[PDB]
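What follows is one chain in structure tokens, specifically the form deposited in one PDB entry.
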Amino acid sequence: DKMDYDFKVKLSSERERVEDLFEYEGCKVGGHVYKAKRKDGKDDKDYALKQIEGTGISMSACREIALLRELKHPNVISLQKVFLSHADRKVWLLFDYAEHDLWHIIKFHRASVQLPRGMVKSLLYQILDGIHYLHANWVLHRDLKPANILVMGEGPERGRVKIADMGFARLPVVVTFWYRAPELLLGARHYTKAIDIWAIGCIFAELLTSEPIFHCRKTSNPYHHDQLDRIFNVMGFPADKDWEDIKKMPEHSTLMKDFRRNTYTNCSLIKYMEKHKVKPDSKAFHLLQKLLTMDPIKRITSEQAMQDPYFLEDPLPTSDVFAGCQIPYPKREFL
């Protein structure tokens, strides 16, 4: 009541309803995510449809939608349409459908054939291009990892990277610390561009070796001894000169209490990558080292990484990450 009748009924008649425009029943693939096709077969394109969890629009959802509505870049997933269901106050988001992702692509190569070196380069370049676009608009990702790196299948965007956020919980919550920068594990309270860049460094290493570089065996607190231990086993323990402001990290004293640098005297990234048949004099290695720098102010930025001579060295990166070759990776399974 109390609202104009002619206004209400006219809007109800004209309002697009997601169930009228799209077929998606029994096509769940992941709130809840569906593979969807139009009923009025104007196009034969696949779509991804997400019903946002809860009802109404939360602060998190509001700001998220607000930004996606503005963000436009080939390497960032694009929001095509929003649907508002008034009966149940549910919100649906529509995206162009991405068949693949780096999580599944990496799993494929870890199982008994390594990732082709041209593909690795091309993937990294588009991830950097995508994150540079966000970063230049002062938008941070805060949860980069292979599962949030989508790759387009057959179609006019064949082999193009799309950075995304698949709605994993963030930090009693389930999550992985493998891509999390040391400053966060030492109690940094604010997310930064450098933190995104660390995660990209981790992903790069993983594309090169097929294994997560800081792999380590539901939680509440940020400090994680074992994850730090794994980082030191790989990187070595950082000297004062390498990271002076480490003293200013809130968990620094805890670090001193639990860790002796002598434990890690034989450790370094060079030795770790050699074991995995990546040569320390390769352009790839030197770029990796710069991304995986322990002191966040000494990590290079996305733009600087994009200008690295690595991407000028043969082979050049390609728009289609698959390089015209057939795609051996399987498609998504319904649930």
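A residue's number is simply how far along the shown sequence it sits, counting from 1. We call the rigid core the largest set of C-alpha positions that still match within 1.5 Å between the two forms.
Keep in mind that the form deposited in another entry is missing from the display, and what follows is about it.
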- Message: I want to make sure I read this right: if the two forms are fitted on their rigid core, which of 89, 225, 261, 257 has a C-alpha displacement of 2 angstroms or more between the shown form and the other one?
- Response: 89
- Query: Would you say residue 58 moves between the shown form and the other one, meaning its CA shifts by 2 Å or more once the core is fitted?
  - Reply: yes
- Item | residue 312 C-alpha shift between the shown form and the other one of 2 Å or more, rigid core reference | no
- Message: Using the rigid core as the reference frame, would you say residue 9 shifts its C-alpha by 2 Å or more between the shown form and the other one?
- Response: yes
